[PDB]
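Structure first, then comments.
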Amino acid sequence: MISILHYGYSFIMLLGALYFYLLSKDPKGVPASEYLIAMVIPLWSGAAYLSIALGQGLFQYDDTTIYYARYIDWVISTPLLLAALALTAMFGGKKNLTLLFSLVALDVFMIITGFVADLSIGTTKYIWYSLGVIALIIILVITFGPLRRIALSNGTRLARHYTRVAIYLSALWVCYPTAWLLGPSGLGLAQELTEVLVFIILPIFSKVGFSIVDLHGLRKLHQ
Amino acid sequence: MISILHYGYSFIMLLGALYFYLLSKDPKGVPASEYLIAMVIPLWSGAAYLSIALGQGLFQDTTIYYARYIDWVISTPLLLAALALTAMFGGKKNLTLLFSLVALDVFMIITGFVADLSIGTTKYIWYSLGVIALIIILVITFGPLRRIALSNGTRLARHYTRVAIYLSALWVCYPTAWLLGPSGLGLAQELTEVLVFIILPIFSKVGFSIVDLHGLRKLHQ
Amino acid sequence: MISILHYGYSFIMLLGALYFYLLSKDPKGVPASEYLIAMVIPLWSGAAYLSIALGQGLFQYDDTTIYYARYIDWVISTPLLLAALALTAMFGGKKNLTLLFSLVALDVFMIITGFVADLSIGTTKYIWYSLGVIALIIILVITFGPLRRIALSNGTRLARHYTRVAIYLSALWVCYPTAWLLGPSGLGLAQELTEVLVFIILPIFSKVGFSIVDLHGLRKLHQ
Ligand SMILES: CCCCCCCC/C=C/CCCCCCCC(=O)O
Ligand SMILES: CCCCCCCC/C=C/CCCCCCCC(=O)O
Ligand SMILES: CCCCCCCC/C=C/CCCCCCCC(=O)O
């Protein structure tokens with residue numbers, strides 16, 4: 001069932017990428033870079049999850065299963081998602097690449113701390129986990145602080161769309177560290193099968209879902 | 001023989017980099033970035049192949065030359081960049097198209113490394129994904145990228161078409177040799193595959209850049 | 001002792017990053033990118049050295065201890081330091097990104113050759129070491145050649161500050177390959193404890209120290 005679920009995930013990611021390619025042919029005032037980003041995220045995630053379906057993207061550490069392919073996925077896909085968010089706030093204005101790369105730096109560190117925490121035992125696990133959570137808090141502060149102020153400077157309609165997308169992303173992202181802690185990698189209150197379902201359903205909304213809401217909103221500012 | 005051949009490869013790469021450095025001192029209207037790219041490719045490839053000569057860049061009932069993938073994951077995207085920048089010579093840069101090719105290429109090389117580590121059907125799933133990546137790269141090369149070259153004048157477009165065919169012809173050889181050799185069906189011997197992955201890169205790296213840079217320098221007059 | 005020293009290092013790095021964040025609030029004509037770079041260097045280095053303190057960032061190769069976390073540190077931190085140096089030479093003028101990325105390329109190769117040399121035995125070790133030294137020589141030629149000429153073109157006061165920071169960095173950087181050769185990774189004339197102290201004290205002056213001298217000099221040009 002675990003294998004079948006991952007095949008299904010990869011196929012949905014493929015259909016996501018195809019949809020975003022079609023949208024790109026009729027760009028409606030949205031730069032090609034934002035369509036490229038929306039295509040790479042699902043394609044990369046699909047390939048990583050395919051490696052799990054084929055039983056290559058995991059190994060047995062001590063007496064627990066590490067799905068390391070998830071981290072290979074997230075270390076590319078999550079920074080690209082934060083880029084898409086930042087570029088949404090900056091739509092019709094000057095780009096602030098310093099703020100954008102600050103988010104990329106924080107995000108990559110967040111994902112690495114998660115991978116190391118999964119490979120750690122005892123107290124050490126929760127030291128790394130904690131550093132990742134602090135990284136996520138700072139990303140949220142930027143998202144609702146300076147980045148939201150840039151969105152406001154680009155007009156009411158854009159700011160309203162940015163706020164909607166920011167809440168959508170924020171809501172989904174806080175679920176990842178929560179699920180991680182409750183599942184086998186953490187306290188082990190939740191079963192493997194449960195965690196797998198969560199890390200199949202969340203990414204679908206986090207990747208393909210986010211980009212639909214994000215791109216449709218921007219295309220609507222053109223009509 | 002395998003070790004000696006790899007030393008010889010690294011030495012030729014060094015001579016290539018030195019030649020491109022000399023050319024850069026008299027740039028003839030070609031941006032410094034295109035000279036830098038032409039220098040990095042051979043130097044990085046030389047270092048990787050050196051690791052094979054010293055017997056570090058491989059591990060073993062089949063021998064995997066993993067240093068090749070470390071080479072290609074840096075050198076091949078840089079080659080596609082040089083190609084893209086050739087199409088865009090004198091006109092506006094389209095970085096979205098350029099980075100699309102870098103994305104496709106890096107994926108192609110990773111699928112190859114995973115296929116080499118895979119057994120049975122799984123090997124050919126990964127191999128297939130890499131081939132599809134190469135097909136799309138070729139479609140971009142002869143489609144949108146060629147249309148940009150045409151928009152920059154007949155002289156530039158003619159040079160671009162020549163370099164595009166040159167690269168395309170050499171690149172299709174890599175997946176073909178991979179499939180026929182030990183990593184695939186095993187119809188060809190290890191020694192044969194080694195010779196191929198010595199001779200092809202010399203024409204793919206040092207050779208491509210000579211044809212590419214000389215053509216662009218000629219457009220100065 | 002070795003563990004405690006690494007904890008102390010990480011804490012000092014944290015304080016360095018916090019100081020540079022405060023400075024950034026009153027930027028005094030220094031671009032935000034240069035403040036971000038000064039913050040990332042210590043934060044990344046601190047995290048890497050923390051992995052050593054927890055005894056994760058090292059392993060036993062035959063009869064020697066390899067501190068591989070150092071290389072994970074340097075492969076990110078050293079290119080960013082050369083960027084800060086290059087951006088100093090270019091302060092008030094056009095950026096030359098080709099020259100900047102040439103330095104990044106050389107530096108990354110330098111650090112990789114070092115990691116491979118540490119994993120090598122006999123003559124092979126010193127082949128890789130040699131390639132890294134030649135990389136460092138070319139970096140020094142660029143620093144005091146074309147990069148210094150760019151600094152001159154941006155006025156006497158800037159050029160004087162650049163020359164001071166360039167010498168400071170150059171003096172500290174030549175110490176790394178020297179210590180490497182004399183310590184366990186090389187001829188083994190120096191003991192592990194000695195090498196550890198060197199690779200605690202040097203980075204503090206190389207990272208937090210360099211950025212203080214660099215940023216204070218540039219802030220002074222505002223007045
Ligand atoms: C943890 C890994 C960190 C790796 C990422 C390194 C990030 C540091 C780089 C900063 C580049 C700054 C962006 C250039 C500024 C352009 C001007 C602007 O702000 O718009
Ligand atoms: C698949 C492995 C990893 C690949 C990641 C590559 C990153 C893809 C995104 C790049 C963004 C491109 C930015 C282009 C900016 C200029 C846009 C233009 O004017 O055309
Ligand atoms: C050893 C691994 C090396 C990996 C990095 C290689 C980098 C090569 C690419 C260089 C890009 C040059 C950027 C050109 C910008 C033109 C504008 C300017 O020069 O100011």
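Naming scheme: A, B, ... for chains in displayed order of the structure tokens; residues 1 onward per chain; ligands 1 onward as shown.
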
Checklist entry - Within 8 Å of ligand 3, counting only C-alpha atoms and all ligand atoms: which residues, as a list in words? => result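 Result of the 8 Å neighbour search around ligand 3: residues 31, 32, 33, 34, 36, 37, 40, 44, 74 and 78 of chain B; 94, 95, 96, 97, 98, 99, 101, 102, 104, 105, 106, 108 and 109 of chain C.
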
Item to check | Distance query residue C:54 at most 12 Å, only C-alpha atoms, self and fewer than 5 positions along chain excluded, as a ChimeraX atom specification | outcome: /A:116,120-125,127-128 /C:2-7,10,47-49,69

Suppose we keep N, CA and C atoms; can you now write the selection as a PDB file, in the first residue's frame?
ATOM      1  N   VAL A 116      19.280  15.462   9.738  1.00  0.00           N
ATOM      2  CA  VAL A 116      20.291  15.143  10.790  1.00  0.00           C
ATOM      3  C   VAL A 116      19.560  14.650  12.046  1.00  0.00           C
ATOM      4  N   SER A 120      19.767  11.124  14.180  1.00  0.00           N
ATOM      5  CA  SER A 120      20.252  11.327  15.571  1.00  0.00           C
ATOM      6  C   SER A 120      19.480  10.428  16.542  1.00  0.00           C
ATOM      7  N   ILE A 121      20.052  10.203  17.728  1.00  0.00           N
ATOM      8  CA  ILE A 121      19.454   9.401  18.837  1.00  0.00           C
ATOM      9  C   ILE A 121      19.433  10.258  20.109  1.00  0.00           C
ATOM     10  N   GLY A 122      18.357  10.150  20.893  1.00  0.00           N
ATOM     11  CA  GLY A 122      18.225  10.780  22.220  1.00  0.00           C
ATOM     12  C   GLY A 122      18.107  12.287  22.127  1.00  0.00           C
ATOM     13  N   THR A 123      18.688  13.002  23.095  1.00  0.00           N
ATOM     14  CA  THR A 123      18.626  14.480  23.236  1.00  0.00           C
ATOM     15  C   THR A 123      19.030  15.141  21.911  1.00  0.00           C
ATOM     16  N   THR A 124      20.112  14.664  21.287  1.00  0.00           N
ATOM     17  CA  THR A 124      20.731  15.263  20.073  1.00  0.00           C
ATOM     18  C   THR A 124      19.660  15.463  18.991  1.00  0.00           C
ATOM     19  N   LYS A 125      18.789  14.472  18.797  1.00  0.00           N
ATOM     20  CA  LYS A 125      17.662  14.521  17.827  1.00  0.00           C
ATOM     21  C   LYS A 125      16.884  15.828  18.014  1.00  0.00           C
ATOM     22  N   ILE A 127      17.695  18.618  19.725  1.00  0.00           N
ATOM     23  CA  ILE A 127      18.538  19.834  19.521  1.00  0.00           C
ATOM     24  C   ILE A 127      18.382  20.277  18.062  1.00  0.00           C
ATOM     25  N   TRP A 128      18.648  19.370  17.116  1.00  0.00           N
ATOM     26  CA  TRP A 128      18.551  19.621  15.653  1.00  0.00           C
ATOM     27  C   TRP A 128      17.118  20.009  15.271  1.00  0.00           C
TER      28      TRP A 128
ATOM     29  N   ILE C   2      37.837  18.809  23.858  1.00  0.00           N
ATOM     30  CA  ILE C   2      37.644  19.058  22.441  1.00  0.00           C
ATOM     31  C   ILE C   2      36.181  19.449  22.206  1.00  0.00           C
ATOM     32  N   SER C   3      35.258  18.725  22.842  1.00  0.00           N
ATOM     33  CA  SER C   3      33.791  18.947  22.756  1.00  0.00           C
ATOM     34  C   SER C   3      33.439  20.332  23.314  1.00  0.00           C
ATOM     35  N   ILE C   4      33.938  20.663  24.509  1.00  0.00           N
ATOM     36  CA  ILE C   4      33.646  21.945  25.218  1.00  0.00           C
ATOM     37  C   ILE C   4      34.131  23.115  24.354  1.00  0.00           C
ATOM     38  N   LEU C   5      35.334  23.005  23.782  1.00  0.00           N
ATOM     39  CA  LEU C   5      35.947  24.063  22.934  1.00  0.00           C
ATOM     40  C   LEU C   5      35.022  24.377  21.748  1.00  0.00           C
ATOM     41  N   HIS C   6      34.384  23.355  21.173  1.00  0.00           N
ATOM     42  CA  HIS C   6      33.510  23.468  19.973  1.00  0.00           C
ATOM     43  C   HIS C   6      32.180  24.138  20.346  1.00  0.00           C
ATOM     44  N   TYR C   7      31.626  23.820  21.521  1.00  0.00           N
ATOM     45  CA  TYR C   7      30.435  24.496  22.102  1.00  0.00           C
ATOM     46  C   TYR C   7      30.728  25.994  22.233  1.00  0.00           C
ATOM     47  N   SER C  10      30.746  27.764  18.808  1.00  0.00           N
ATOM     48  CA  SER C  10      29.368  27.914  18.272  1.00  0.00           C
ATOM     49  C   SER C  10      28.681  29.111  18.937  1.00  0.00           C
ATOM     50  N   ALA C  47      26.882  25.954  13.355  1.00  0.00           N
ATOM     51  CA  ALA C  47      26.065  24.727  13.217  1.00  0.00           C
ATOM     52  C   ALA C  47      26.985  23.534  12.933  1.00  0.00           C
ATOM     53  N   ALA C  48      27.962  23.711  12.040  1.00  0.00           N
ATOM     54  CA  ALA C  48      28.914  22.657  11.626  1.00  0.00           C
ATOM     55  C   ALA C  48      29.746  22.233  12.841  1.00  0.00           C
ATOM     56  N   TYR C  49      30.284  23.201  13.585  1.00  0.00           N
ATOM     57  CA  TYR C  49      31.170  22.958  14.752  1.00  0.00           C
ATOM     58  C   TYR C  49      30.341  22.360  15.895  1.00  0.00           C
ATOM     59  N   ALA C  69      33.184  17.768   9.220  1.00  0.00           N
ATOM     60  CA  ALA C  69      32.279  18.916   9.449  1.00  0.00           C
ATOM     61  C   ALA C  69      32.996  20.219   9.069  1.00  0.00           C
TER      62      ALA C  69
END

Spatial neighbours of residue C:222, max dist 8 Å, only C-alpha atoms, sep filter under 3 positions, as an mmCIF file with N, CA and C atoms, in the first residue's frame:
data_model
loop_
_atom_site.group_PDB
_atom_site.id
_atom_site.type_symbol
_atom_site.label_atom_id
_atom_site.label_comp_id
_atom_site.auth_asym_id
_atom_site.auth_seq_id
_atom_site.Cartn_x
_atom_site.Cartn_y
_atom_site.Cartn_z
ATOM 1 N N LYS C 28 24.165 52.416 7.338
ATOM 2 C CA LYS C 28 25.171 53.470 7.039
ATOM 3 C C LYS C 28 25.769 53.232 5.646
ATOM 4 N N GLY C 29 24.909 53.080 4.633
ATOM 5 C CA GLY C 29 25.277 53.133 3.204
ATOM 6 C C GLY C 29 25.843 51.822 2.685
ATOM 7 N N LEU C 218 33.809 50.245 5.832
ATOM 8 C CA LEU C 218 32.834 50.661 4.789
ATOM 9 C C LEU C 218 31.843 51.662 5.390
ATOM 10 N N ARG C 219 31.415 51.427 6.632
ATOM 11 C CA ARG C 219 30.487 52.320 7.377
ATOM 12 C C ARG C 219 31.160 53.684 7.597
#

Item to check | Residues of stretch 16-202 of chain C in strand (DSSP E or B), written as a count of residues only | outcome: 6

Checklist entry - Using only C-alpha atoms, which residues sit within 12 Å of residue C:67 once same-chain residues fewer than 5 positions away are excluded, as a PyMOL selection string? => result chain C and resi 2+6+48-53+55-61+72-74+114-115+118-119+180+184-185+192+195-196+199

Output of the above residues as a short mmCIF file (atom, residue, chain, number, x, y, z; two decimals), in the first residue's frame, restricted to N, CA, C and O atoms:
data_model
loop_
_atom_site.label_atom_id
_atom_site.label_comp_id
_atom_site.auth_asym_id
_atom_site.auth_seq_id
_atom_site.Cartn_x
_atom_site.Cartn_y
_atom_site.Cartn_z
N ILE C 2 37.84 18.81 23.86
CA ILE C 2 37.64 19.06 22.44
C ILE C 2 36.18 19.45 22.21
O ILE C 2 35.93 20.42 21.46
N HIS C 6 34.38 23.36 21.17
CA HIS C 6 33.51 23.47 19.97
C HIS C 6 32.18 24.14 20.35
O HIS C 6 31.69 24.95 19.53
N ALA C 48 27.96 23.71 12.04
CA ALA C 48 28.91 22.66 11.63
C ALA C 48 29.75 22.23 12.84
O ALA C 48 29.87 21.02 13.08
N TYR C 49 30.28 23.20 13.59
CA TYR C 49 31.17 22.96 14.75
C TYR C 49 30.34 22.36 15.89
O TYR C 49 30.88 21.55 16.67
N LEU C 50 29.06 22.73 15.99
CA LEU C 50 28.11 22.13 16.97
C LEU C 50 28.05 20.62 16.74
O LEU C 50 28.03 19.87 17.73
N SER C 51 28.04 20.19 15.47
CA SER C 51 27.96 18.76 15.06
C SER C 51 29.20 18.02 15.59
O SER C 51 29.09 16.81 15.85
N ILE C 52 30.32 18.73 15.73
CA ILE C 52 31.60 18.16 16.26
C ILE C 52 31.47 18.03 17.78
O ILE C 52 31.79 16.95 18.30
N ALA C 53 31.00 19.08 18.46
CA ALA C 53 30.76 19.13 19.92
C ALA C 53 29.89 17.94 20.34
O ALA C 53 30.15 17.37 21.41
N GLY C 55 29.76 15.21 18.71
CA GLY C 55 30.53 14.04 18.25
C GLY C 55 29.93 13.37 17.03
O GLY C 55 30.11 12.15 16.88
N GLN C 56 29.27 14.13 16.15
CA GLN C 56 28.63 13.61 14.91
C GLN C 56 29.48 13.97 13.68
O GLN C 56 29.42 13.21 12.70
N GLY C 57 30.23 15.08 13.75
CA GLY C 57 30.88 15.71 12.58
C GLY C 57 32.28 15.17 12.33
O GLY C 57 33.08 15.88 11.70
N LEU C 58 32.56 13.95 12.81
CA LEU C 58 33.89 13.30 12.68
C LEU C 58 33.70 11.78 12.58
O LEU C 58 32.64 11.29 13.02
N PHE C 59 34.67 11.08 12.01
CA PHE C 59 34.72 9.59 11.95
C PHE C 59 36.19 9.14 11.92
O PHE C 59 37.07 9.98 11.68
N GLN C 60 36.42 7.85 12.18
CA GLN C 60 37.76 7.23 12.30
C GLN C 60 38.12 6.53 10.98
O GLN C 60 37.48 5.51 10.66
N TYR C 61 39.10 7.07 10.25
CA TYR C 61 39.69 6.49 9.02
C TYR C 61 41.01 5.81 9.40
O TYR C 61 42.00 6.52 9.66
N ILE C 72 32.44 20.78 5.35
CA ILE C 72 31.01 21.18 5.15
C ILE C 72 30.87 22.67 5.48
O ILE C 72 30.18 23.39 4.73
N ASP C 73 31.52 23.10 6.56
CA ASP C 73 31.61 24.52 6.98
C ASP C 73 32.23 25.32 5.84
O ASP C 73 31.54 26.19 5.26
N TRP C 74 33.49 25.02 5.51
CA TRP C 74 34.38 25.85 4.65
C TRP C 74 33.85 25.96 3.22
O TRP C 74 34.08 27.01 2.59
N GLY C 114 41.09 19.44 -0.46
CA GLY C 114 41.46 19.27 0.95
C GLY C 114 40.78 18.06 1.57
O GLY C 114 41.46 17.29 2.27
N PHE C 115 39.47 17.92 1.33
CA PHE C 115 38.63 16.81 1.86
C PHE C 115 39.11 15.48 1.28
O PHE C 115 39.21 14.49 2.04
N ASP C 118 42.50 14.46 2.69
CA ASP C 118 42.31 13.96 4.07
C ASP C 118 41.88 12.48 4.02
O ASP C 118 42.17 11.74 4.99
N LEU C 119 41.21 12.07 2.94
CA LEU C 119 40.69 10.69 2.74
C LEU C 119 41.72 9.84 1.99
O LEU C 119 41.48 8.62 1.85
N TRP C 180 47.45 22.32 8.44
CA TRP C 180 46.97 21.04 7.85
C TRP C 180 48.16 20.09 7.66
O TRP C 180 48.06 18.93 8.08
N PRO C 184 47.89 16.05 12.14
CA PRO C 184 47.64 14.63 11.86
C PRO C 184 47.34 14.29 10.39
O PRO C 184 47.74 13.23 9.94
N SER C 185 46.65 15.17 9.68
CA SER C 185 46.23 14.97 8.27
C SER C 185 47.45 14.91 7.36
O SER C 185 47.33 14.34 6.25
N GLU C 192 46.87 16.27 17.85
CA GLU C 192 45.44 16.53 17.57
C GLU C 192 44.98 17.78 18.34
O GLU C 192 44.42 18.70 17.71
N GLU C 195 46.21 21.05 16.80
CA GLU C 195 45.52 21.32 15.51
C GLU C 195 44.10 21.84 15.80
O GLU C 195 43.68 22.80 15.12
N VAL C 196 43.41 21.24 16.76
CA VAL C 196 42.03 21.62 17.17
C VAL C 196 42.04 23.09 17.61
O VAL C 196 41.21 23.86 17.09
N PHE C 199 42.35 25.42 14.67
CA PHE C 199 41.13 25.41 13.83
C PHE C 199 39.91 25.81 14.67
O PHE C 199 38.77 25.59 14.21
#

With only C-alpha atoms and all ligand atoms counted and 8 Å as the cut-off, give the residues of chain B in contact with ligand 2, each with its shortest interatomic distance in Å and the pair that gives it, as a Markdown table.
| residue | atom | partner | partner_atom_place_in_ligand_line | distance |
| --- | --- | --- | --- | --- |
| B:93 | CA | ligand 2 | 19 (O) | 7.2 |
| B:94 | CA | ligand 2 | 20 (O) | 4.4 |
| B:95 | CA | ligand 2 | 20 (O) | 4.3 |
| B:96 | CA | ligand 2 | 20 (O) | 4.0 |
| B:97 | CA | ligand 2 | 20 (O) | 6.8 |
| B:99 | CA | ligand 2 | 10 (C) | 5.5 |
| B:100 | CA | ligand 2 | 8 (C) | 6.5 |
| B:102 | CA | ligand 2 | 6 (C) | 6.6 |
| B:103 | CA | ligand 2 | 4 (C) | 4.1 |
| B:104 | CA | ligand 2 | 1 (C) | 6.6 |
| B:106 | CA | ligand 2 | 2 (C) | 5.7 |
| B:107 | CA | ligand 2 | 1 (C) | 5.3 |

Checklist entry - Which parts of stretch 64-94 of chain C does DSSP call helix (DSSP H, G or I) when run on the backbone here, written out as a PyMOL selection string? => result chain C and resi 69-89

Checklist entry - Got a sec to pull out which chain A residues are within 9 Å of chain B, counting only C-alpha atoms, and send them as number ranges by chain? => result A: 32-33, 36, 40, 44, 54, 56

Export C-alpha atoms of the chosen residues as a CSV table (one decimal), in the first residue's frame?
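Saved file part-v4.csv follows:
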chain,number,residue,atom,x,y,z
A,32,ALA,CA,7.9,32.7,-17.5
A,33,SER,CA,10.1,32.3,-14.4
A,36,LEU,CA,9.1,27.3,-14.7
A,40,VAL,CA,10.0,22.1,-11.4
A,44,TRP,CA,11.3,16.9,-8.7
A,54,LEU,CA,10.5,1.4,-6.1
A,56,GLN,CA,15.2,2.8,-3.1
